[PDB]
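In the form deposited in one PDB entry, a lone chain appears below as structure tokens.
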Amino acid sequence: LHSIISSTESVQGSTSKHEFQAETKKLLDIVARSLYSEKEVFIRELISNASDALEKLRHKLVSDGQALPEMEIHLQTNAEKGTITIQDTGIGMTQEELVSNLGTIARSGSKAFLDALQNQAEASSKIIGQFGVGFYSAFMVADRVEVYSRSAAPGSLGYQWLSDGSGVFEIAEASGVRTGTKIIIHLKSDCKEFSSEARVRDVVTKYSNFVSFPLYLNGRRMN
């Protein structure tokens, strides 16, 4: 087995409170309405984000003239705790991205996204992934979401990011955060299936060969 996910991060800073941007809640809701019928697709959306983060790290390291480190995507199910967890060893998120990225689209304009979603030229899941709101799909299956991230940028601190998706999110400095990003999803009552290894394996194996970095599920290689 090869696992990197462990509950070892520790809160080491006081909590700063932030309220959702105006049109953030509306986008959360529309992503949920759009993907309910195939709600298992949140896993693919998050794997895609992880893959993107690893590509961003690659380009940083190429310009830095440095070797590629362990570049991996990990899934972990906990049936007892009713969670699914995804962790990647990519570029991570800065403090300002953790504070601002949730409301990025709406502020920058959601019209292009909403128009594309309406046209249905591609799968709704692809449109959502492409316009950079795949993280929104975490909330549609979650009672609450727990993020740990630390950017590869020099001087970046590690952070814990918490939200129930209701209108507020909380950020605190954390120790023991590995460069990259871990998302812990505490699953909704109708979404418990995704805390089952068998179920998640059945979902992921349908596209795991399309993932360009080593993909692990509960310590087992999927590709």
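Just so we're on the same page, rigid core means the largest C-alpha set that superposes within 1.5 Å between forms. Residues that one form lacks are left out of the comparison. We number the residues from 1 along the sequence you see.
Not pictured, yet referred to below: the form deposited in another entry.
Comparing C-alpha positions between the shown form and the other one after a rigid core fit, one residue in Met93, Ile86, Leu114, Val145 moves 2 angstroms or more. It is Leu114.
After superposition on the rigid core, the Cα of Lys56 moves by less than 2 Å between the shown form and the other one.
Once the rigid core is used as the reference frame, the Cα position of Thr179 differs between the shown form and the other one by less than 2 Å. Taking the rigid core as fixed, one finds a CA shift for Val31 of 2 Å or more between the shown form and the other one.
Relative to the shown form, the Cα atoms of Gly176 and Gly132 move apart by 3 Å or more in the other form. Compared with the form shown here, the C-alpha atoms of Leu162 and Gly103 sit at least 3 Å closer together in the other form.
After superposition on the rigid core, stretches of three or more consecutive residues whose Cα atoms move by at least 2 Å between the shown form and the other one are found at 28-35, 102-133.
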